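1. From the sequence below, what's the structure:
(2 chains)
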Amino acid sequence: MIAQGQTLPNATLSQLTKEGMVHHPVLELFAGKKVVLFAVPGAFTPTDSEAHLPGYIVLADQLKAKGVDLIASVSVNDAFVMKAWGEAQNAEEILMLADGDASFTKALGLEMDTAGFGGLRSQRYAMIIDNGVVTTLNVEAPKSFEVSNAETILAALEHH
Amino acid sequence: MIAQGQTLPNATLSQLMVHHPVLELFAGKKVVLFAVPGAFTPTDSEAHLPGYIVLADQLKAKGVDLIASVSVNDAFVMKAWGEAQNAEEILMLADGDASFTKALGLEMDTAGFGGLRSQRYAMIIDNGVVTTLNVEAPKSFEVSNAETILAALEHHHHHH
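-> Numbers count the residues shown, from 1 in each chain, chains lettered A, B, ... in the order given. I have put the structure below:
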């Protein structure tokens, strides 16, 4: 499992935009920025759609007011599902990133097996990333949602 | 791999949360089952699935009792996709870990898009017996569409 102080693996995350499908090198996309990245087990699922992602939508402005250049959600879903999920959630201020084959998630050691529900998915977590180095890392406990929410990240940014 | 004339494997498909066993779901019925590589993808959302929604009543008129769609997605995405598509007449089935698809030998590796997804195909299943199996060639869409399946049922209405 990745830990605070490590650089992100040289992995790719996909996004569907106007020019079309783009494969972002993570170490390029997050270079030189303060990034809040949070992961959900799957788009259109209850906790992610009713609590986790909405929490970051409502606090997006206050997060960026404390120096956050980029807020991004990642899930083990394809980019077409991620785009439709963000439009249904009005997540225009959140960068919706797809880890279709769970390769980025596997490289972080943060995968989990949902068996017949959805195969391999991401654990629920949230990170603060400064120029590619993981500065803070909040990984949820199984079946728990208390440390990866936007309010907890908001308090972490206030610290120093 | 499944072949024309065999029964289906004793697998389950999920719907929103019941785990339909396919040997019991399709028993005593003439079933049209078609598979897509993924919910919310362009071909599946703009051509394949809408083709069966439109021709649904015509298919039922030609003797099919049940029209089902299956994809390697979880049931929450499949339900959200069916509602966005207005597919109340279609039974949207989820094979979230590709177990049903791999049992048929019809899985394909989409790599980073991605993960294991289903090949595009269409089946006519008459009391558990796959009597027509139209598996597309790579990147092809000309044997699994609703019109082809409707055509394969016409000879049942001419008693030679």
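
2. quick one, what contacts residue A:46?
-> Shown in contact with residue A:46 (C-beta atoms under 8 Å, 6 or more residues apart in numbering or on different chains): residue B:76. For every residue, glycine as well, the C-beta is placed using N, CA and C.

3. just residue A:121 next, same as before
-> Residue A:121 makes contact with A:41, A:42, A:75, A:76, A:102, A:105, A:111, A:112, A:113, A:114, according to C-beta under 8 Å, 6+ apart.

4. Point me to the helix or strand that includes it.
-> strand A:120-122 (DSSP states H and E).

5. Relative to that strand, what are the paired strands and their orientations?
-> Strand A:120-122 has its sheet partners listed here by DSSP bridges as strand A:111-113 (antiparallel).

6. Now do the buried residues in the strand it pairs with.
-> Using 16 or more other C-beta atoms under 10 Å in any protein chain shown as the test for burial, strand A:111-113 gives residue A:111.

7. Run through who's touching that strand.
-> Here strand A:111-113 makes contact (C-beta under 8 Å, 6+ apart) with A:41, A:76, A:102, A:105, A:119, A:120, A:121, A:122, A:123.

8. Just the buried ones from the contacts of residue A:121?
-> The buried subset of the contacts of residue A:121 - by 16+ other C-beta under 10 Å - is A:41, A:42, A:75, A:76, A:102, A:105, A:111, A:114.

9. how about CSV for the residues you listed, with secondary structure added?
-> Shown next, in CSV, are the buried ones among the contacts of residue A:121 (DSSP: H, G, I helix; E, B strand; the rest coil):
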residue, secondary structure
A:41, coil
A:42, coil
A:75, strand
A:76, coil
A:102, coil
A:105, helix
A:111, strand
A:114, coil
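
10. Now residue A:131, what are its backbone angles?
-> As for residue A:131, its main-chain torsions (degrees, to the nearest 10) stand at phi 50, psi 40.

11. That one contacts residue A:27, correct?
-> No - here residue A:131 lies out of contact with residue A:27, judged by C-beta atoms under 8 Å, at a distance of 9.6 Å.

12. contacting residues around residue A:56?
-> A:36, A:38, A:63, A:71, A:73, A:91, A:94, A:150.

13. Could you dump the residues you listed into a markdown table and include neighbour count?
-> A markdown table is the format used below for the contacts of residue A:56 (neighbours: other C-beta atoms under 10 Å in any protein chain shown):
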| residue | neighbour count |
| --- | --- |
| A:36 | 28 |
| A:38 | 25 |
| A:63 | 20 |
| A:71 | 21 |
| A:73 | 26 |
| A:91 | 20 |
| A:94 | 19 |
| A:150 | 23 |
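
14. Go back to those residues and keep what's next to chain B.
-> Among the contacts of residue A:56, no residue is within reach of chain B (C-beta under 8 Å from any C-beta of the partner chain).

15. Next, the residue in chain A that chain B sits nearest to: secondary structure please.
-> Closest to chain B within chain A is residue A:100: 3.1 Å, counting by C-beta to the nearest C-beta. Following three-state DSSP, we place residue A:100 in the coil state.

16. Ignoring the adjacent residues along the chain, who's closest to it?
-> Using C-beta to C-beta, 6 or more residues apart in numbering or on different chains and skipping the chain neighbours, the partner closest in space to residue A:100 is residue B:114 (3.1 Å).

17. Next: residue A:120.
-> In space, residue A:120 is closest to residue A:102, 4.7 Å off (C-beta to C-beta, 6+ apart).

18. The spatially closest residue to residue A:148 that is not a sequence neighbour: neighbouring residues, count only.
-> Among residues not flanking residue A:148 along the chain, residue A:126 sits closest, at 4.0 Å (C-beta to C-beta, 6+ apart). Residue A:126 has 23 neighbouring residues, counting by other C-beta atoms under 10 Å in any protein chain shown.

19. Could you pull up phi and psi at residue A:126?
-> Torsion angles, degrees, to the nearest 10, at residue A:126: phi -140, psi 140.

20. and it, how far is that from residue A:70?
-> Distance of residue A:126 to residue A:70, given as C-beta to C-beta, to the nearest Å: 13 Å.

21. Over to residue A:12?
-> Per C-beta to C-beta, residue A:12 is found 17 Å from residue A:70.

22. Pick out whichever of these two has more residues nearby.
-> A direct count of neighbours by other C-beta under 10 Å for residue A:12 and residue A:70 places residue A:12 higher, at 21 against 16.

23. and that one, bridged to which residues?
-> Per DSSP bridges, the residues bridged to residue A:12 are residue A:25.

24. same thing with residue A:133?
-> When bridges are assigned using DSSP bridges, the partners listed for residue A:133 are residue A:7, residue A:130.
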